[PDB]
Amino acid sequence: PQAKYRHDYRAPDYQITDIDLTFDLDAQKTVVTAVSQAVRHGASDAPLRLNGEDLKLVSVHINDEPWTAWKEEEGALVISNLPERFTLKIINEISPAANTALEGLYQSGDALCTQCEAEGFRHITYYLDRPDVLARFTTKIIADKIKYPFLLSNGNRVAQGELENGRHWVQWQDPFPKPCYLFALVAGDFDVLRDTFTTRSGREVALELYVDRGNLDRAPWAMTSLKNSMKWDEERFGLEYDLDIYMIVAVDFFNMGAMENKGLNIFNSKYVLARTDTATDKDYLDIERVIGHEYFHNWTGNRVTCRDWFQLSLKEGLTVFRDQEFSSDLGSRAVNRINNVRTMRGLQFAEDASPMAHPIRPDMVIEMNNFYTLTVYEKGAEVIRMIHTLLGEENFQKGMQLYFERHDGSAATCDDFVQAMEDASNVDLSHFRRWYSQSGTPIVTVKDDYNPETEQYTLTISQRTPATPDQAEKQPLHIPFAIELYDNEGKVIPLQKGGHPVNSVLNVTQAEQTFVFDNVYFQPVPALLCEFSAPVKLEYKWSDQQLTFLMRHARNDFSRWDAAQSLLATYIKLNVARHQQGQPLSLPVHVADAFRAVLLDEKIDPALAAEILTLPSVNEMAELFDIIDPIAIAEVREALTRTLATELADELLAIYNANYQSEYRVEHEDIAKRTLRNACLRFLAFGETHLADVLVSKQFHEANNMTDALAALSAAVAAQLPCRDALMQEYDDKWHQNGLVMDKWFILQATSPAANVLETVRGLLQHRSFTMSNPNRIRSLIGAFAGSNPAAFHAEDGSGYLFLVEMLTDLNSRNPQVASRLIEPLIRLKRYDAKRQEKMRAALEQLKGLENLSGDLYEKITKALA
Ligand code: NA
Ligand code: NA
Ligand code: NA
Ligand SMILES: [Zn+2]
């Protein structure tokens, strides 16, 4: 598989301006006729090179002349000796029922549907499958009326008719030119929830949510979230929807989460279907986030698209920033910021320390589906958020407006977006651009000095990014480093120097520099990297009392959570080293007291209390270490939970009972009290056994909503309580027919601390609710075991690696995109001890030798074994 490089981008030799598609649809054999209007822009003698994969070519015509000057080569149809402008007609056949990779046109249950991003349209017809070719599409769909009563594509219906032999057809037209990755087709029988949204200028939009028959009970929250997304994008960004119909189709078999195809988004049903007995608070807020995300791509992705796939973050960093701003404005901004920071420090930092590290704008890709990553998405959004911190909201919105004025209707680059921000705001972002080209996590080290003779506080701040496997050279970044200084009363000290205010976002742009602040009338307790102002590791020699002072006094809720994380980090590291020497948990009394004070503080928002009372996950904990000991981390997390359960037993039960709610509401104040109640339940489950078993079994059986039922079931599995096997069997008997609900139960089986977890997991491959044909089931059972139970995945006998090699041996042929997500825990071998690295290298060598190894896995395995 050869690599492609960003620096090789060149404008295409030919453009296509308009394409009229006809599909004669059938699951075994679909016939595609594609009539494209093409224009040559390159040299007279340059052939037209069309991409195509797994197509049966039937005919090639140029201006209705059967063409003889062409050849097929691997991946391509190369057509020579063309006029400057011409009509290309291709007929070819494809077979949706054979498509187990779920890329192109495929079958989801009884429906046919598409996924074209990134390079899936070349699995449908021969085309210029590159996102700087934008064309106006017309799509005619012909199919059996009984099997496929709804025939959908982008845009508006312009024609429809009935044919003999029980077939019918519909034709769609989308007026906005688009790259082919935004094409979609759906055919099937659905229930349809229909609603309307009127834009602020009065455009009436028909909203249509297509779901499998019988699922209309689970559709209204998605529809509500779509309307909420459309209203928010008008209020915050001034953007209205631009078409007449907005369709969303929920399908069960889908690799990419959801997809922003223009006017016809296709979603995995996990991010659409919810009712209070099947979905948790987190499912409702994930549906809100992902509906919002795909809607926000209408502008940041569709009206302005990407010139090439190395520019993916241009739409994904910006659209993830927009989905986080939407969730944070509608809900709790501090809870959203806290959770996005846990994903950055616990999952994205791990990727930036791995063989797959890349800048948010990659320079080299073998398989572009491997680059839909935590780095391009979540680190990409942190980079957009640093532009917002440097510019402020008003200048950032001026930059958005300039970006659309310049680039509406075109494919643009990351650099174009940064240029628009710099030109609209007059803030220089020339050094800032290095965040697009440099991979790895910067480490920012801070030393401080307070001089009582001069009342000056000095911060000496240094930065470095360690080399990564992809880049030997690293340079300083422009790091926006927000601070606040607190006096002995907890009041913020004004930042000034030389009689002038100093902005609290310091511009850390050198390898080392000093900042001096005057009129600091009391030795300060600093809050550093406020709101996680840059995506960096902070090195500061905190005392325990500075951190518990910030937990009591810091003005932004995020800083009080973050200070609690820094305080825990020191004691997680202490106790992992103790575990390695066979010693039990040690924790100072004053650290348990700081968490007691959070439980008993009547003024703290329950939303913030709940997050301070949610320990860092085992993946967050792993990134505190150079070499990860996953068994020490898992057992220290358990011991820390048991120790706080014992020390805080009476306060945890009081707050558990105080936050009981008889009515269930998907409302943010209620979700905060419930998240705090279930944070208390998690500790109580690890307290005295009989009380724990009673509390947890009562909550499971009395719950009036899935958030509380699943919090009790998860606590029974995590604490291995007596009631666990009965509750787990009750849930299977009640819910085995509902795959989305069973995904929660497979994740609890896969992440169980029980000694026999791998045997249980292997047995669940034969479970009635499991199938290797469905990406959600694969991720919930196999992915959760490898990625979310590292203690079992890294069992010392190597059994977890062998199990993953067997599953990847199947998935490499069936669905290489799902296989490449699942291999990720094996590519992190250099973070583990030598004996685990040996076994993980042997597993990767076994997969490198597979017949018909996919490019998706080849790229990751070769980087891991280098
Ligand atoms: Na809010
Ligand atoms: Na993909
Ligand atoms: Na100091
Ligand atoms: Zn996106």
Side-chain angles (χ1 to χ4, degrees), residues 313 317 320-321 337 340-363 373-390 414 418 427-448 459-483 504-515 526-542 558-559 562 565-566 569 619-620 622-626 830-831:
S313 200
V320 169
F321 175 79
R337 188 69 182 136
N340 295 327
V341 172
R342 294 192 201 114
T343 294
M344 281 297 301
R345 295 192 310 206
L347 299 180
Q348 194 281 328
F349 284 11
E351 179 172 76
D352 241 342
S354 79
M356 263 294 295
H358 43 287
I360 59 161
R361 175 182 68 205
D363 288 331
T373 52
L374 287 157
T375 295
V376 167
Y377 277 67
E378 285 75 27
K379 180 174 169 174
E382 300 298 301
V383 171
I384 300 301
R385 185 177 298 284
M386 282 186 286
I387 296 174
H388 183 275
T389 290
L390 290 170
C414 294
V418 175
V427 174
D428 177 11
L429 299 175
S430 58
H431 184 187
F432 186 85
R433 285 175 178 76
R434 188 169 291 138
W435 281 109
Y436 286 82
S437 56
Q438 180 162 110
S439 58
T441 312
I443 300 169
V444 174
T445 296
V446 175
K447 292 179 201 320
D448 63 356
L459 292 176
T460 298
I461 303 184
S462 55
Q463 63 171 296
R464 64 172 203 100
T465 294
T468 48
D470 63 305
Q471 290 184 340
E473 186 213 19
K474 303 294 184 180
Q475 298 178 269
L477 299 163
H478 177 170
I479 295 179
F481 188 85
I483 68 163
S504 69
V505 177
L506 307 183
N507 290 297
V508 169
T509 56
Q510 300 186 223
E512 193 183 73
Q513 49 265 100
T514 283
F515 299 86
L528 297 174
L529 201 70
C530 296
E531 298 182 76
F532 191 66
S533 67
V536 303
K537 285 166 175 183
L538 176 69
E539 289 191 339
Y540 173 86
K541 194 182 161 204
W542 293 110
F558 173 83
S559 293
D562 198 26
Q565 302 314 110
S566 290
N619 289 132
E620 291 173 83
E623 296 310 297
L624 298 175
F625 297 97
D626 292 330
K830 287 187 177 190
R831 295 290 304 281

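We're numbering straight along the sequence, starting at 1. Values reported hereafter were calculated over all heavy atoms of this structure, with side chains retained and with hydrogens, waters and symmetry mates removed.
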* Yes or no on side chain to side chain contact (heavy atoms under 4.5 Å, CB included) for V508 and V536, after CA distance, side-chain angles and deciding distance? -> CA-CA 12 Å; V508 169; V536 303; over 6 Å; no
* **Nearest non-hydrogen partners of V376 and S313, listed with the distance** => O-OG, 2.8 Å
* Asked: So how far is it from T343 OG1 to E620 CD, rounded to the nearest 0.5 Å?
  -> 8.0 Å
* To do: Determine whether the side chains of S430 and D428 contain a donor N or O and an acceptor N or O closer than 3.5 Å.
  => yes
* Structure fact -> So CG of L506 and CD of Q513: to nearest 0.5 Å the spacing works out to 9.0 Å
* Rounded to the nearest 0.5 Å, how far does CD of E382 lie from CG of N340? -> 7.0 Å
* Over all heavy atoms of both residues, which pair between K474 and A467 is shortest? Give the atoms and the distance, please. => CE-CA, 3.8 Å
* Between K830 and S354, do the side chains contain an N or O donor and an N or O acceptor separated by less than 3.5 Å? -> no
* To do: List the steps and the verdict of side chain to side chain contact (heavy atoms under 4.5 Å, CB included) for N507 and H478.
  => CA-CA 7 Å; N507 290 297; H478 177 170; 2.8 Å; yes
* Regarding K447 and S462, is there a side-chain donor-to-acceptor distance under 3.5 Å anywhere? -> no
* Side chain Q471, main chain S437, donor-acceptor under 3.5 Å -> yes
* **Pairwise salt bridge (charged side-chain N to carboxylate O under 4.0 Å, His left out) hits with a residue in residues 343-362, at least two apart** => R345-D562, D352-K379
* Kindly assign one of parallel, tilted or perpendicular to the pair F432 and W435, based on the angle between their ring planes and the thresholds 30° and 60°. => tilted
* For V446 and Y540, which heavy atoms make the closest approach, and how far apart are they? -> O-CD1, 3.4 Å
* Taking atom NZ of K537 and atom OG1 of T465, what is their separation to the nearest 0.5 Å? -> 10.0 Å
* Stepwise side chain to side chain contact (heavy atoms under 4.5 Å, CB included) test for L529 and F481 -> CA-CA 5 Å; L529 201 70; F481 188 85; 3.7 Å; yes
* To do: Indicate whether any N or O donor in one side chain lies under 3.5 Å from an N or O acceptor in the other, for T468 and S439.
  => yes
* Under 3.5 Å, is there a donor-acceptor pair between the side chain of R385 and the main chain of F532? -> no
* To the nearest 0.5 angstrom, please state how far the CG atom of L538 sits from the CD1 atom of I461. => 9.0 Å
* To do: State, yes or no, whether a side-chain contact exists between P526 and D448 at a heavy-atom distance under 4.5 Å.
  => yes
* To do: With the side chain counted from C-beta on, respond yes when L429 and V427 share a heavy-atom pair under 4.5 Å apart, and no when they do not.
  => yes
* Asked: Can you name the closest pair of heavy atoms from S533 and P480 and give their distance?
  -> OG-O, 2.7 Å
* To do: Under the side chain to side chain contact (heavy atoms under 4.5 Å, CB included) rule, what do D470 and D363 come out as? Steps first, then yes or no, please.
  => CA-CA 9 Å; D470 63 305; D363 288 331; over 6 Å; no
* Asked: Going by atom types only, do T375 and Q348 share a side-chain donor-acceptor pair under 3.5 Å?
  -> yes
* Asked: Which atom names give the shortest non-hydrogen contact between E378 and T373, and what distance separates them?
  -> OE1-O, 4.1 Å
* Closest approach of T509 and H431, non-hydrogen atoms and distance? -> O-CE1, 3.1 Å
* **Donor-acceptor contact present, side-chain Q463 to main-chain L477, <3.5 Å** => yes
* How many angstroms lie between atom CD of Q565 and atom CG of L624, to the nearest 0.5 angstrom? -> 9.5 Å
* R831 and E623 ion-paired at < 4.0 Å -> yes
